[PDB]
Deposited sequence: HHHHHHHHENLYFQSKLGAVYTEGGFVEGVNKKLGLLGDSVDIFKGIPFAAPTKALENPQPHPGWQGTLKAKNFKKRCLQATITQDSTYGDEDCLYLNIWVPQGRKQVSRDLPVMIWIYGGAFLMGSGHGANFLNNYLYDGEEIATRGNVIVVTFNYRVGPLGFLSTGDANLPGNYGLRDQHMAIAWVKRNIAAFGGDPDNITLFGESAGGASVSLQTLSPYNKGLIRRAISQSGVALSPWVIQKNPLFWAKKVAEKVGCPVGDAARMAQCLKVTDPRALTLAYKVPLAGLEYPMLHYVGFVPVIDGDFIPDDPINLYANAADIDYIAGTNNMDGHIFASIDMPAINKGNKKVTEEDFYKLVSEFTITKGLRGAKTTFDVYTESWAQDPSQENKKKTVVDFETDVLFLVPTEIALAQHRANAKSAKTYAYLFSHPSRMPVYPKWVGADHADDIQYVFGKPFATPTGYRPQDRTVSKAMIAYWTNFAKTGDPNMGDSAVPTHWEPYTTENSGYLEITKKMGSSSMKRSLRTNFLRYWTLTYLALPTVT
């Protein structure tokens, strides 16, 4: 009476696990490995999964979709990978009903990842138990196709691309049809995701495929407008893979058919992204990502925001989201005894600004190095490189998306955040998922303070669209974003009234959105 038992879904009965929590009757029902789509076929759209007889034991995580290992010398996963997982919190009196539902989309540059995430201190990163039980929401995680198998495209009808985005959509659609049986409110689905998953969340809100499916969304460190999201020249990347696996490149239709019948592991390992000794910035080697296909993504994402007019929206970034990419593009910021120079930074800036030529490289270099005269230290110079990467890859796109969402809003509310701390300890996913509570030996009291606050805001927002209103108290009133106030919440280990701030790096935003765009394009 106080737990689910066998659950009736469209595909048949599903049985998970009940885990007692605390001493007084609370618990959580855990389902792992529920199929939401058929075994995949290489470079084909996802299809319904056939029903089953009897009761499916949803007891263990299922295989991720085929992807390269981090060494890039081998693969793991499987073509049969479109599975999802569900945590349902339970009180001590009766079974939960009408709960908000949060669907997580993982990141990993569209190239890697799974619904459970990295395992550390005997705990998977995306284990939904802490969010579910602390915020009284249902949490869903799931796998989607990544790499060439997720995103290879010719930019035309021969190989339209976006397979991995369709997989995400199929999991959302399944949740809408089925989650009420688990005690969820299907009218109240919130998507949330980080990095590539934040851009995915964004793209899902913009696609007409999701009309009437999504109530709210949270983009963490990535939006559809980030420069690494849309591949402008997919046929170049598809030809590269075709040459490497022995397919002819002259006819796009014959090339597409040959790629579809190539060993999926050879497609996956065809291109290795190099991380050392690179001619262009790390961005340039981001290949197998979403495309504008005229279908799932009907137009450039910037023109699609009418589709999210009634989707409440949080978007924010991490203080040093650009750090990883800065480290690759300028290794000197790692070694304490190696100098970043004006010449190194000019070069990096010029690569990012080539469509605006010499004039665009200089205006950008000059604005970012203005502070170097009075503060020429390496601490300031290296922080400038990180800020530059954070700005162009994450912060500026996120601010443009916030503005477009606010400008197209009907009933939708808009919220902005900046996360600042002190995987790296600086990353916000582990606090969103409550790892400082799930594995407390790895974390300090301040970490559990940060995590407690983020879960309160995230799950209040899921319940009501208002991060200040719900089952949890919050430390700072989070003011909805408008163009007038341009307010963002600064999330740190000590929050109070002054944590609600405004005009985040506004001179740099204005530089990129007005000054830099007002420059002539060069060829």
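Unmodelled regions of the deposited chain sequence (numbering from residue 1, in sequence order): 1 to 13, 436 to 446.
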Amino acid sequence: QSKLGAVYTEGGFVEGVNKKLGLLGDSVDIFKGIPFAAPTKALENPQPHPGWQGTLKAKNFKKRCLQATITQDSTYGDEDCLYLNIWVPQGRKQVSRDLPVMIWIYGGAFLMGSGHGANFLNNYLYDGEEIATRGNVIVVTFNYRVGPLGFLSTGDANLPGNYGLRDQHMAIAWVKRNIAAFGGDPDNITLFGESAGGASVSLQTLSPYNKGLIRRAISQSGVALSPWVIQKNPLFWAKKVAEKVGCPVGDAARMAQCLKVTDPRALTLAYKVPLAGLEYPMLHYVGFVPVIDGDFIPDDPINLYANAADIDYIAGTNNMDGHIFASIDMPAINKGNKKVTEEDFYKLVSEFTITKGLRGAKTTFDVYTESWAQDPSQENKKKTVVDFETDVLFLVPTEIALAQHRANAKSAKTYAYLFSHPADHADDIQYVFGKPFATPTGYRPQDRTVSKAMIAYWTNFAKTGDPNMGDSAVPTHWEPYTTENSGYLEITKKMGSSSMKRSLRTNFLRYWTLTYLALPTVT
From here on, numbers count along this sequence of modelled residues.
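For the two forms, the rigid core is made up of the largest set of C-alpha atoms that agree within 1.5 Å on superposition.
Two stretches, 350 to 358 and 91 to 99, are weighed by how far their CA atoms sit from the shown form in 5 other deposited structures of this protein after rigid core superposition; the farther one is 350 to 358. For 328 to 336 versus 228 to 236, the mean Cα distance to the shown form in 5 other deposited structures of this protein after rigid core alignment is larger for 328 to 336. Per the compared records, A409 is resolved in all of the other entries whose models span it, so no third of them omit it. Compared with the other entries of this protein, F120 is frequently left unbuilt, missing from a third or more of those that build its neighbours.
As listed in the deposited structure, the average C-alpha B-factor of 42 to 50 and of 482 to 490 is greater for 482 to 490. Remark: stretch with higher mean C-alpha B factor among 325 to 333 and 97 to 105 is 325 to 333. Across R177, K244, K211, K410, the greatest Cα temperature factor reported in the deposited entry is at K244. You'll see in the entry that, of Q67, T464, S27, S472, the Cα B factor peaks at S27. When the modelled residues of the chain are ordered by C-alpha B-factor, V146 sits in the lowest third. When the modelled residues of the chain are ordered by C-alpha B-factor, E279 sits in the highest third. Among all modelled residues in its chain, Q404 ranks in the middle third by Cα B-factor. Per the deposited record, the Cα B-factor of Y271 falls in the highest third when ranked against the other modelled residues of its chain. Among the modelled residues of its chain, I34 has a C-alpha B-factor that falls in the lowest third according to the deposited record.
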